[PDB]
Amino acid sequence: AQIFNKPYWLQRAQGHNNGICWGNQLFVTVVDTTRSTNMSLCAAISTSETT
Amino acid sequence: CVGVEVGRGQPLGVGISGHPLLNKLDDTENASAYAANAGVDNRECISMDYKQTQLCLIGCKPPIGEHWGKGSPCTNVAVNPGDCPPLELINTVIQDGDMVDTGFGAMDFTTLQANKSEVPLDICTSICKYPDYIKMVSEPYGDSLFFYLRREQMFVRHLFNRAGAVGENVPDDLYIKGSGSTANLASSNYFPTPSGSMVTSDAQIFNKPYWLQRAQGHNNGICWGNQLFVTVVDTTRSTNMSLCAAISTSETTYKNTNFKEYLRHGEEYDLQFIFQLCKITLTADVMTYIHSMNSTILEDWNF
Amino acid sequence: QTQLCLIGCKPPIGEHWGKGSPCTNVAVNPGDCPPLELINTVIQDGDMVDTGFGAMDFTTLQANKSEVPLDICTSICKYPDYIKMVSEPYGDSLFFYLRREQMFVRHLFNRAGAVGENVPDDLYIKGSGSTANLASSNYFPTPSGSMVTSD
Amino acid sequence: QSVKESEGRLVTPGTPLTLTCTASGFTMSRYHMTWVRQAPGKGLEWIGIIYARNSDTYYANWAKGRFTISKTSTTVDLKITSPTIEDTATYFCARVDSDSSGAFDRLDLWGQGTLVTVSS
Amino acid sequence: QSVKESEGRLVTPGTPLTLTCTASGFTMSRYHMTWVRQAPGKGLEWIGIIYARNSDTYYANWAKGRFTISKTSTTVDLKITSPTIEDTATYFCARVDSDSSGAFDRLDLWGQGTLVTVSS
Amino acid sequence: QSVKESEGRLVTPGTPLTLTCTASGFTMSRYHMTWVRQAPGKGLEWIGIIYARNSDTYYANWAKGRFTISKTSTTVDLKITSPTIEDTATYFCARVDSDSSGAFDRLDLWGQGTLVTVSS
Amino acid sequence: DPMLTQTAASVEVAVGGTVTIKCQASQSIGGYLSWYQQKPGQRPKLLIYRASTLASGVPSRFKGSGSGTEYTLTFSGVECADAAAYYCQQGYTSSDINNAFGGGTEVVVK
Amino acid sequence: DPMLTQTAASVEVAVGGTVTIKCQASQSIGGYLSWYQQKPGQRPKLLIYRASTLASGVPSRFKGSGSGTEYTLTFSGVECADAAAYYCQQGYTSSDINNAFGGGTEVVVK
């Protein structure tokens with residue numbers, strides 16, 4: 001059920017603008033929560049201990 | 001043969017099994033406190049369900065299965081009593097009455113486990129074998145199977161750890177050495193209790209005709225020597241009917257010692273085939289070839 | 001969860017397990033396991049579909065009257081055998097049929113009754129103390145239907 | 001860690017006798033307890049055992065009908081029913097440090113031990 | 001294993017009377033308990049029963065209104081309300097070793113038994 | 001909040017000695033407890049420590065074999081086995097206010113402290 | 001009310017004889033039945049329960065049989081310490097009964 | 001019944017000698033075995049368990065070996081405070097045994 005890592009060829013956009021970039025810019029948004037694992041590090045102050 | 005069918009008529013119903021004294025120790029998904037120490041014989045009563053599995057095979061020879069099994073340990077090492085036995089794959093011929101695997105691995109529990117206490121009852125002294133799809137399709141005649149179907153699924157329900165001695169130690173560089181109440185380590189080995197999912201009736205492989213037009217062997221479904229084998233495994237129609245019988249019918253109050261309890265099981269099949277007549281012309285060009293296949297084929301005809 | 005539909009010219013034929021007449025080789029005791037026999041009959045309005053407990057009589061085969069819920073405690077759960085109905089020489093028992101059903105286990109329990117057949121003692125190792133006495137060797141599941149949908 | 005006992009008594013034969021045993025740091029519902037008896041000359045004789053959550057007991061062969069081991073979550077103790085003359089000796093209470101499977105009879109942390117004697 | 005009793009008393013008719021019963025190894029919330037009375041001549045007479053987790057009781061036909069059986073997790077006991085003259089006899093406390101269904105009246109491990117008598 | 005003690009005693013060397021310690025508002029199964037000893041001149045000497053959930057103890061190096069710390073859900077206390085002459089001093093009981101990981105030896109809310117002395 | 005009578009005083013037996021003690025019941029009790037030996041100075045002591053299964057620490061020279069309403073207890077090779085009192089006992093744990101499971105004696109063996 | 005005899009009174013040893021105390025068992029016990037030192041005025045005190053793993057606060061100059069039915073305990077460099085009593089002890093925790101795990105002594109070192 002993924003969306004990304006596959007291209008998207010557009011033939012006709014839904015609006016009247018059929019893909020024209022006025023001002024020489026375009027805006028891409030994306031929201032992904034299927035790749036949100038937070039890694040959990042830790043660091044010791046002294047490894048000399050036995051226990 | 002051209003087409004077969006395998007019919008059933010019992011309703012689709014799950015089964016159940018489990019041991020009165022099963023080798024568990026504790027529970028391992030969430031420990032609020034550290035695990036208590038274990039005395040002698042801390043086993044308890046657990047049941048479970050087996051993984052759902054279906055199967056069908058059709059061939060002119062019996063089907064070849066496999067499982068793990070104990071072999072002979074090397075001579076150079078000193079055989080200490082209580083060491084780990086060898087492990088070696090074993091190719092046998094399957095038979096009616098042999099158990100299928102249950103997600104507990106496919107191995108002879110008799111020689112490899114002296115506990116008799118790690119699996120439930122019906123597989124505790126029998127073997128469990130998975131069929132060898134690799135060796136059968138690599139038979140360069142194709143006489144073991146013409147065609148085959150399978151479905152299976154399983155998932156983990158509970159997560160235990162077994163009471164029993166540490167057969168191989170944990171190294172002292174993996175973990176930082178504990179102290180206080182946890183100077184002594186808990187049991188390292190675990191085992192999962194399997195469970196099948198819901199059984200339904202889109203995923204049935206029975207009550208349907210199966211016409212065959214080709215096969216992956218060269219043997220295009222020809223019953224050599226007037227013989228045919230059919231393998232059927234099904235755990236979906238496996239209800240366990242529980243019944244009772246009363247001692248006396250005169251008393252008017254429920255007492256426990258008046259009713260004995262038994263379990264019985266029903267299972268039933270029927271088979272319907274079609275065979276097509278096939279002739280062979282005979283020449284010494286042909287006769288040498290069948291003489292190399294099997295000895296008893298050309299001998300039973302008086303040619 | 002179960003659905004079916006049958007259309008036929010004769011009434012439909014069912015099947016269920018039932019107690020027959022045993023051989024009098026051993027005398028029957030008070031509390032011996034009764035024999036089983038597949039019985040065919042006609043289905044009438046009011047009989048119960050099998051609910052994950054086996055198509056069996058629950059009066060004669062279950063004299064405890066406390067092992068199933070109330071709806072099937074006296075009635076007999078019957079299941080329509082398609083095998084005998086398709087193999088009829090004229091095919092008037094049915095000529096159109098559809099079915100879907102599903103089930104899975106929710107809980108696992110014990111039977112609180114006398115152990116009628118003990119386990120042979122080569123299948124385990126005898127314990128001591130608290131576990132010198134064996135627990136009940138009879139279990140039974142509590143079935144439960146899955147999600148009902150509109151497709 | 002430290003294992004404590006009750007103070008000894010000079011008694012008469014035919015009277016019941018008790019010795020309680022309390023621990024300092026660990027809790028007793030986790031580990032096991034055992035009793036040994038140190039007689040003069042050689043003597044060093046083990047009495048019985050009691051387990052943690054199973055709460056089972058196993059005695060010696062000669063010691064049946066003669067000792068009863070009681071245990072609460074706070075205190076363990078042992079009991080004597082009918083003393084015979086030749087049990088003037090030294091008793092000890094000790095913790096069975098074991099692992100996930102053994103419960104073998106290693107007594108790691110001992111008790112200090114007091115003197116009990118009978119006389120007529 | 002071993003079953004212990006309280007020591008007997010020579011009493012007067014019209015006074016309540018108790019006998020406690022403690023066990024050595026097993027726990028009592030698992031098994032059942034009952035009481036029997038051994039009179040001279042033949043006499044051997046069963047009193048009642050008490051169960052483990054259901055904690056129910058069933059007495060004899062003649063014994064209703066005359067005995068009350070109390071049980072805690074540590075000790076079981078029985079009680080006498082109004083003694084009659086002819087109960088000078090021997091009482092016993094014993095463990096019902098049963099199975100997953102029976103609770104039948106096998107008393108496997110008995111008690112040693114003490115002497116109780118009434119006199120006026 | 002407030003930490004309470006038991007009243008002091010003038011004792012003889014060779015006698016066991018106790019001091020209970022009760023709290024007012026907080027519960028003791030959540031936090032930790034320890035004990036310090038205030039001798040004359042300088043003296044201020046820490047005895048040991050106990051933890052709220054594990055219930056593990058750790059003493060001083062010189063203090064092993066000499067103190068046993070007991071704790072229930074209602075009351076904590078410490079014990080002395082064999083007093084030596086030079087422990088005439090002031091003892092205190094205090095709550096270890098800590099965090100999710102530390103259990104470090106901050107004693108935030110102290111006790112009022114009583115006087116214990118030994119004499120021969 | 002299931003009643004076991006045991007109106008049978010035991011016959012004088014020598015060393016090595018065989019004795020057939022018979023305990024009959026009015027109502028059907030199944031197999032739930034016990035047996036005991038009572039030496040006349042100490043506590044009673046069990047031998048066999050459920051009419052077939054013997055207890056621990058007891059020699060296998062005692063026998064058990066009988067089903068339904070009547071039951072037996074036989075043995076052979078009578079020692080010197082078999083002078084005791086015997087009792088059959090049912091386990092139907094009913095409410096309105098007054099059992100006492102009585103009857104049974106043993107002579108001093110010659 | 002697994003029995004360890006230890007019928008061996010110890011030989012007079014000087015400072016720095018090596019002593020071979022041998023504890024033999026009738027039944028096979030595995031590796032579960034303990035050893036103790038008993039000074040004749042105080043409580044007993046343990047050195048090694050499972051025949052290979054030494055305890056805390058004990059110098060590594062004590063040795064442990066032996067497997068199966070017979071086991072040993074050797075050390076060298078005998079001090080002045082090694083005058084004590086020694087005991088081998090199994091852990092087979094059986095029921096019908098009367099072990100006492102006895103035997104073992106040590107002379108006063110010269």
# chains A, B, ... in the order shown; residues from 1 in each chain; ligands from 1
>>> calpha_fit_and_write(fixed="chain H", moving="chain G", output="CSV table (one decimal) with N, CA and C atoms, in the first residue's frame")
chain,number,residue,atom,x,y,z
G,1,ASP,N,20.1,-43.9,45.5
G,1,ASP,CA,20.9,-43.0,46.4
G,1,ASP,C,22.3,-42.7,46.0
G,2,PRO,N,22.6,-41.5,45.5
G,2,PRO,CA,23.9,-41.1,45.2
G,2,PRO,C,24.7,-40.8,46.5
G,3,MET,N,25.8,-41.5,46.6
G,3,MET,CA,26.6,-41.4,47.8
G,3,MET,C,28.1,-40.9,47.5
G,4,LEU,N,28.5,-39.9,48.2
G,4,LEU,CA,29.9,-39.5,48.2
G,4,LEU,C,30.5,-39.9,49.5
G,5,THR,N,31.5,-40.8,49.5
G,5,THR,CA,32.1,-41.4,50.7
G,5,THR,C,33.0,-40.4,51.4
G,6,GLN,N,34.1,-40.0,50.8
G,6,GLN,CA,35.2,-39.3,51.4
G,6,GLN,C,35.8,-40.0,52.6
G,7,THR,N,36.4,-41.2,52.4
G,7,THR,CA,37.1,-41.9,53.4
G,7,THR,C,38.6,-41.6,53.2
G,8,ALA,N,39.0,-40.4,53.6
G,8,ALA,CA,40.4,-40.0,53.3
G,8,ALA,C,40.8,-38.9,54.4
G,9,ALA,N,41.6,-39.3,55.3
G,9,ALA,CA,42.1,-38.3,56.3
G,9,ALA,C,43.4,-37.7,55.7
G,10,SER,N,43.5,-36.4,55.9
G,10,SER,CA,44.4,-35.6,55.1
G,10,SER,C,45.9,-35.7,55.6
G,11,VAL,N,46.8,-35.6,54.7
G,11,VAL,CA,48.2,-35.8,55.0
G,11,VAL,C,48.9,-34.5,55.4
G,12,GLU,N,49.8,-34.5,56.3
G,12,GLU,CA,50.6,-33.4,56.8
G,12,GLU,C,51.3,-32.7,55.6
G,13,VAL,N,51.1,-31.4,55.5
G,13,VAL,CA,51.6,-30.6,54.4
G,13,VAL,C,52.3,-29.4,54.9
G,14,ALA,N,53.3,-29.0,54.2
G,14,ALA,CA,54.1,-27.8,54.6
G,14,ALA,C,53.6,-26.6,53.8
G,15,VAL,N,54.3,-25.5,54.0
G,15,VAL,CA,53.9,-24.2,53.3
G,15,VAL,C,54.3,-24.4,51.9
G,16,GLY,N,53.4,-24.2,51.0
G,16,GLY,CA,53.6,-24.3,49.6
G,16,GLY,C,53.3,-25.7,48.9
G,17,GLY,N,52.8,-26.6,49.7
G,17,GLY,CA,52.5,-27.9,49.2
G,17,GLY,C,51.3,-28.0,48.4
G,18,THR,N,51.0,-29.1,47.7
G,18,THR,CA,49.8,-29.3,46.9
G,18,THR,C,49.1,-30.6,47.4
G,19,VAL,N,47.7,-30.4,47.6
G,19,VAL,CA,46.9,-31.4,48.2
G,19,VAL,C,45.8,-31.8,47.2
G,20,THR,N,45.6,-33.1,47.1
G,20,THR,CA,44.6,-33.7,46.1
G,20,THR,C,43.5,-34.4,46.9
G,21,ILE,N,42.5,-33.7,47.2
G,21,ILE,CA,41.3,-34.2,47.9
G,21,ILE,C,40.4,-34.8,46.8
G,22,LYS,N,40.0,-36.0,46.9
G,22,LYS,CA,39.2,-36.7,45.9
G,22,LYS,C,37.9,-37.2,46.5
G,23,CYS,N,36.8,-36.8,45.8
G,23,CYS,CA,35.4,-37.1,46.3
G,23,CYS,C,34.7,-37.9,45.2
G,24,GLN,N,34.4,-39.1,45.4
G,24,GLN,CA,33.9,-40.0,44.4
G,24,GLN,C,32.4,-40.3,44.7
G,25,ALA,N,31.6,-40.4,43.6
G,25,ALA,CA,30.2,-40.6,43.8
G,25,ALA,C,29.8,-41.9,43.1
G,26,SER,N,28.8,-42.6,43.7
G,26,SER,CA,28.3,-43.8,43.1
G,26,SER,C,27.4,-43.6,41.9
G,27,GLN,N,26.4,-42.8,42.0
G,27,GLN,CA,25.6,-42.4,40.8
G,27,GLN,C,26.1,-41.2,40.1
G,28,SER,N,25.8,-41.1,38.8
G,28,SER,CA,26.2,-39.9,38.1
G,28,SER,C,25.3,-38.7,38.4
G,29,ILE,N,26.0,-37.6,38.8
G,29,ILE,CA,25.3,-36.4,39.3
G,29,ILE,C,25.4,-35.3,38.3
G,30,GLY,N,26.1,-35.5,37.2
G,30,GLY,CA,26.4,-34.3,36.4
G,30,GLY,C,27.5,-33.5,37.0
G,31,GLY,N,27.5,-32.2,36.7
G,31,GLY,CA,28.4,-31.3,37.2
G,31,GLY,C,28.0,-30.6,38.5
G,32,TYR,N,26.9,-30.9,39.1
G,32,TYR,CA,26.3,-30.2,40.2
G,32,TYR,C,27.0,-30.7,41.5
G,33,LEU,N,28.0,-29.9,42.0
G,33,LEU,CA,28.7,-30.3,43.1
G,33,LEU,C,29.3,-29.0,43.8
G,34,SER,N,29.4,-29.0,45.1
G,34,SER,CA,29.8,-27.9,45.9
G,34,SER,C,31.0,-28.3,46.8
G,35,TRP,N,31.7,-27.3,47.3
G,35,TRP,CA,32.8,-27.5,48.2
G,35,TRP,C,32.8,-26.4,49.3
G,36,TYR,N,33.2,-26.7,50.5
G,36,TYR,CA,33.1,-25.8,51.6
G,36,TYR,C,34.3,-26.0,52.5
G,37,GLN,N,34.7,-24.9,53.2
G,37,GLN,CA,35.7,-24.9,54.2
G,37,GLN,C,35.0,-24.5,55.5
G,38,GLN,N,35.4,-25.3,56.5
G,38,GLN,CA,34.8,-25.2,57.9
G,38,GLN,C,35.9,-24.9,58.9
G,39,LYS,N,36.0,-23.7,59.3
G,39,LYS,CA,36.9,-23.4,60.4
G,39,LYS,C,36.2,-23.8,61.7
G,40,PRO,N,36.9,-24.4,62.6
G,40,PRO,CA,36.3,-25.1,63.7
G,40,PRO,C,35.7,-24.3,64.8
G,41,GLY,N,35.6,-22.9,64.6
G,41,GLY,CA,35.0,-22.1,65.6
G,41,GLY,C,33.8,-21.3,65.0
G,42,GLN,N,33.6,-21.2,63.7
G,42,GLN,CA,32.6,-20.4,63.2
G,42,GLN,C,31.8,-21.1,62.1
G,43,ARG,N,30.9,-20.4,61.4
G,43,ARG,CA,30.0,-20.9,60.4
G,43,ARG,C,30.8,-21.4,59.2
G,44,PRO,N,30.3,-22.4,58.4
G,44,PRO,CA,30.9,-22.8,57.2
G,44,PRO,C,30.9,-21.8,56.1
G,45,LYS,N,31.8,-22.0,55.1
G,45,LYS,CA,32.1,-21.0,54.1
G,45,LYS,C,32.5,-21.7,52.8
G,46,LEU,N,31.8,-21.3,51.8
G,46,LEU,CA,31.9,-21.9,50.4
G,46,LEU,C,33.1,-21.4,49.6
G,47,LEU,N,33.6,-22.2,48.7
G,47,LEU,CA,34.7,-21.8,47.8
G,47,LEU,C,34.2,-21.9,46.3
G,48,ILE,N,33.8,-23.1,45.9
G,48,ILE,CA,33.5,-23.3,44.5
G,48,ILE,C,32.3,-24.2,44.3
G,49,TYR,N,31.5,-23.9,43.3
G,49,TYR,CA,30.3,-24.7,42.9
G,49,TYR,C,30.4,-25.0,41.5
G,50,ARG,N,29.7,-26.1,41.1
G,50,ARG,CA,29.6,-26.7,39.8
G,50,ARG,C,31.0,-27.2,39.3
G,51,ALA,N,31.9,-27.4,40.3
G,51,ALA,CA,33.3,-27.9,40.1
G,51,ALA,C,34.2,-27.1,39.2
G,52,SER,N,33.7,-25.9,38.7
G,52,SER,CA,34.6,-25.0,38.0
G,52,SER,C,34.5,-23.5,38.3
G,53,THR,N,33.4,-23.1,38.9
G,53,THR,CA,33.1,-21.7,39.0
G,53,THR,C,33.3,-21.3,40.5
G,54,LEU,N,34.3,-20.4,40.7
G,54,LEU,CA,34.6,-20.0,42.1
G,54,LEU,C,33.7,-18.8,42.5
G,55,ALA,N,33.6,-18.6,43.9
G,55,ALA,CA,32.7,-17.6,44.4
G,55,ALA,C,33.4,-16.3,44.6
G,56,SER,N,32.7,-15.2,45.0
G,56,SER,CA,33.3,-13.9,45.2
G,56,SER,C,34.2,-13.8,46.4
G,57,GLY,N,35.2,-13.0,46.4
G,57,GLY,CA,36.0,-12.8,47.5
G,57,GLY,C,36.9,-13.9,47.9
G,58,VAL,N,37.3,-14.7,46.9
G,58,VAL,CA,38.1,-15.9,47.1
G,58,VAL,C,39.2,-15.9,46.1
G,59,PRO,N,40.5,-16.1,46.5
G,59,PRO,CA,41.6,-16.0,45.5
G,59,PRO,C,41.5,-17.1,44.5
G,60,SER,N,42.1,-16.8,43.4
G,60,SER,CA,42.1,-17.8,42.2
G,60,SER,C,43.2,-18.8,42.3
G,61,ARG,N,43.8,-19.0,43.5
G,61,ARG,CA,44.8,-20.0,43.7
G,61,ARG,C,44.2,-21.4,44.1
G,62,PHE,N,42.9,-21.5,44.3
G,62,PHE,CA,42.2,-22.7,44.4
G,62,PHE,C,41.7,-23.2,43.0
G,63,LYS,N,41.8,-24.5,42.8
G,63,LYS,CA,41.5,-25.1,41.5
G,63,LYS,C,40.3,-26.0,41.6
G,64,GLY,N,39.7,-26.2,40.4
G,64,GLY,CA,38.5,-27.1,40.3
G,64,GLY,C,38.5,-27.9,39.1
G,65,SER,N,38.3,-29.3,39.2
G,65,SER,CA,38.2,-30.1,38.0
G,65,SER,C,37.4,-31.3,38.4
G,66,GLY,N,37.4,-32.3,37.5
G,66,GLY,CA,36.6,-33.6,37.7
G,66,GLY,C,35.3,-33.5,37.0
G,67,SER,N,34.9,-34.6,36.4
G,67,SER,CA,33.6,-34.7,35.7
G,67,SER,C,33.1,-36.1,35.9
G,68,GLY,N,31.8,-36.3,35.7
G,68,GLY,CA,31.1,-37.6,35.8
G,68,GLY,C,30.8,-38.0,37.2
G,69,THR,N,31.6,-39.0,37.7
G,69,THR,CA,31.4,-39.6,39.0
G,69,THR,C,32.4,-39.3,40.0
G,70,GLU,N,33.6,-38.9,39.6
G,70,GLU,CA,34.7,-38.5,40.5
G,70,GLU,C,35.2,-37.1,40.3
G,71,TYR,N,35.5,-36.4,41.4
G,71,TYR,CA,35.9,-35.0,41.3
G,71,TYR,C,37.0,-34.8,42.3
G,72,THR,N,37.7,-33.6,42.1
G,72,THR,CA,38.9,-33.3,42.9
G,72,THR,C,38.8,-31.8,43.3
G,73,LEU,N,39.8,-31.4,44.2
G,73,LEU,CA,39.9,-30.0,44.6
G,73,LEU,C,41.4,-29.9,45.0
G,74,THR,N,42.2,-29.2,44.2
G,74,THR,CA,43.6,-28.9,44.5
G,74,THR,C,43.9,-27.5,44.7
G,75,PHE,N,44.9,-27.2,45.5
G,75,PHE,CA,45.4,-25.8,45.6
G,75,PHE,C,46.9,-25.9,46.0
G,76,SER,N,47.6,-24.8,45.9
G,76,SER,CA,49.0,-24.7,46.3
G,76,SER,C,49.2,-23.3,47.0
G,77,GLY,N,50.3,-23.3,47.8
G,77,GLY,CA,50.6,-22.1,48.6
G,77,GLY,C,49.8,-22.0,49.8
G,78,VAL,N,49.9,-23.0,50.7
G,78,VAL,CA,49.1,-23.1,51.9
G,78,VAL,C,49.5,-22.0,52.9
G,79,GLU,N,48.6,-21.2,53.3
G,79,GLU,CA,48.8,-20.1,54.3
G,79,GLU,C,48.8,-20.7,55.7
G,80,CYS,N,48.6,-19.8,56.7
G,80,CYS,CA,48.4,-20.2,58.1
G,80,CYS,C,46.9,-20.4,58.5
G,81,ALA,N,46.0,-19.7,57.8
G,81,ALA,CA,44.6,-19.8,58.1
G,81,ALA,C,43.9,-20.8,57.2
G,82,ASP,N,44.6,-21.8,56.7
G,82,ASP,CA,44.0,-22.9,55.9
G,82,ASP,C,43.7,-24.1,56.8
G,83,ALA,N,43.9,-24.0,58.1
G,83,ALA,CA,43.6,-25.1,59.0
G,83,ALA,C,42.1,-25.0,59.3
G,84,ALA,N,41.3,-25.9,58.6
G,84,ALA,CA,39.9,-25.9,58.6
G,84,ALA,C,39.4,-27.3,58.3
G,85,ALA,N,38.1,-27.5,58.0
G,85,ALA,CA,37.5,-28.7,57.6
G,85,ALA,C,36.8,-28.6,56.3
G,86,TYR,N,37.0,-29.6,55.4
G,86,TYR,CA,36.5,-29.5,54.1
G,86,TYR,C,35.4,-30.6,53.8
G,87,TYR,N,34.5,-30.3,52.9
G,87,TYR,CA,33.4,-31.1,52.6
G,87,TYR,C,33.0,-31.0,51.2
G,88,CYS,N,32.8,-32.1,50.5
G,88,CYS,CA,32.3,-32.1,49.1
G,88,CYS,C,30.8,-32.4,49.3
G,89,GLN,N,30.0,-31.9,48.3
G,89,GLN,CA,28.5,-31.9,48.4
G,89,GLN,C,27.9,-31.9,47.1
G,90,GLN,N,26.9,-32.8,46.8
G,90,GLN,CA,26.2,-32.9,45.6
G,90,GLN,C,24.9,-32.1,45.7
G,91,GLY,N,24.3,-32.0,44.5
G,91,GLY,CA,23.0,-31.3,44.4
G,91,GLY,C,21.9,-32.0,43.6
G,92,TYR,N,21.8,-33.3,43.8
G,92,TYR,CA,20.9,-34.1,43.0
G,92,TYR,C,19.5,-34.1,43.6
G,93,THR,N,19.2,-33.3,44.7
G,93,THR,CA,18.0,-33.0,45.4
G,93,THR,C,17.0,-34.1,45.4
G,94,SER,N,17.4,-35.4,45.5
G,94,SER,CA,16.5,-36.5,45.4
G,94,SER,C,15.7,-36.6,46.8
G,95,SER,N,14.8,-37.6,46.8
G,95,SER,CA,13.9,-37.7,48.0
G,95,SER,C,14.3,-38.8,48.9
G,96,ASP,N,14.6,-40.0,48.4
G,96,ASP,CA,14.9,-41.2,49.3
G,96,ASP,C,16.3,-41.3,49.7
G,97,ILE,N,17.1,-40.3,49.7
G,97,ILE,CA,18.5,-40.3,50.0
G,97,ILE,C,18.7,-39.8,51.4
G,98,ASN,N,19.8,-40.1,52.0
G,98,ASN,CA,20.2,-39.7,53.4
G,98,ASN,C,21.7,-39.3,53.4
G,99,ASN,N,21.9,-38.3,52.5
G,99,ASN,CA,23.3,-37.9,52.1
G,99,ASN,C,24.3,-37.5,53.2
G,100,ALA,N,24.0,-36.4,53.9
G,100,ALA,CA,24.8,-35.7,54.8
G,100,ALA,C,26.1,-35.1,54.3
G,101,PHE,N,26.4,-35.4,53.0
G,101,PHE,CA,27.6,-35.1,52.2
G,101,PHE,C,28.9,-35.0,53.0
G,102,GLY,N,29.1,-36.1,53.8
G,102,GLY,CA,30.2,-36.0,54.8
G,102,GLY,C,31.6,-36.4,54.3
G,103,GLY,N,32.5,-36.3,55.2
G,103,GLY,CA,33.9,-36.6,55.0
G,103,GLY,C,34.8,-35.4,54.8
G,104,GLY,N,36.0,-35.5,55.2
G,104,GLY,CA,37.0,-34.4,54.9
G,104,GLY,C,37.5,-33.7,56.2
G,105,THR,N,38.9,-33.6,56.2
G,105,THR,CA,39.5,-32.9,57.3
G,105,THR,C,40.8,-32.2,56.7
G,106,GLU,N,41.4,-31.4,57.5
G,106,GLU,CA,42.7,-30.7,57.2
G,106,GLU,C,43.6,-30.7,58.5
G,107,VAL,N,44.9,-31.1,58.4
G,107,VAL,CA,45.8,-31.0,59.5
G,107,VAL,C,46.2,-29.5,59.7
G,108,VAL,N,46.8,-29.2,60.9
G,108,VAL,CA,47.4,-28.0,61.1
G,108,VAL,C,48.7,-27.9,60.3
G,109,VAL,N,48.8,-26.9,59.5
G,109,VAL,CA,50.0,-26.8,58.6
G,109,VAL,C,51.2,-26.3,59.5
G,110,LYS,N,52.3,-27.0,59.2
G,110,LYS,CA,53.6,-26.6,59.9
G,110,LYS,C,54.1,-25.3,59.3
>>> residues_around(residues="residue 40 of chain F", least_positions_apart="6", cutoff="12 Å", atoms="only C-alpha atoms", output="NGL selection string")
:F and (86-91 or 115 or 117)
>>> write_last_selection(atoms="C-alpha atoms", output="PDB file, in the first residue's frame")
ATOM      1  CA  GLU F  86      31.851   4.276  70.529  1.00  0.00           C
ATOM      2  CA  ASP F  87      28.403   4.364  68.867  1.00  0.00           C
ATOM      3  CA  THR F  88      26.958   6.875  71.328  1.00  0.00           C
ATOM      4  CA  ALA F  89      25.752   9.335  68.687  1.00  0.00           C
ATOM      5  CA  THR F  90      22.708  10.728  66.875  1.00  0.00           C
ATOM      6  CA  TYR F  91      20.832   8.761  64.217  1.00  0.00           C
ATOM      7  CA  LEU F 115      19.763  10.352  70.959  1.00  0.00           C
ATOM      8  CA  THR F 117      23.805   5.891  73.758  1.00  0.00           C
TER       9      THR F 117
END
>>> closest_atom_pairs(of="chain B", to="chain H", cutoff="9 Å", atoms="only C-alpha atoms", output="CSV")
residue,atom,partner,partner_atom,distance
B:40,CA,H:93,CA,8.7
B:80,CA,H:68,CA,8.6
B:81,CA,H:30,CA,8.5
B:82,CA,H:30,CA,8.5
>>> interface_residues(of="chain A", to="chain B", cutoff="10 Å", atoms="only C-alpha atoms", output="list in words")
residues 49, 50 and 51 of chain A
>>> residues_around(residues="residue 5 of chain E", least_positions_apart="3", cutoff="9 Å", atoms="only C-alpha atoms", output="VMD selection string")
chain E and resid 8 19 to 23 92 to 93 111 to 114
>>> select_by_dssp(residues="segment 20-136 of chain C", states="strand (DSSP E or B)", output="ChimeraX atom specification")
/C:37-42,48-49,56,77-79,97-101,103-110,114-115
>>> residues_around(residues="residue 14 of chain C", least_positions_apart="6", cutoff="12 Å", atoms="only C-alpha atoms", output="list in words")
residues 9 and 10 of chain B; 38, 39, 40, 41, 42, 43, 44, 47, 48, 49, 50, 55, 56, 76, 77, 78, 79, 80, 81, 82, 83, 84, 85 and 93 of chain C
>>> atom_distance(atom1="atom CA of residue 210 of chain B", atom2="atom CA of residue 2 of chain C")
26.6 Å
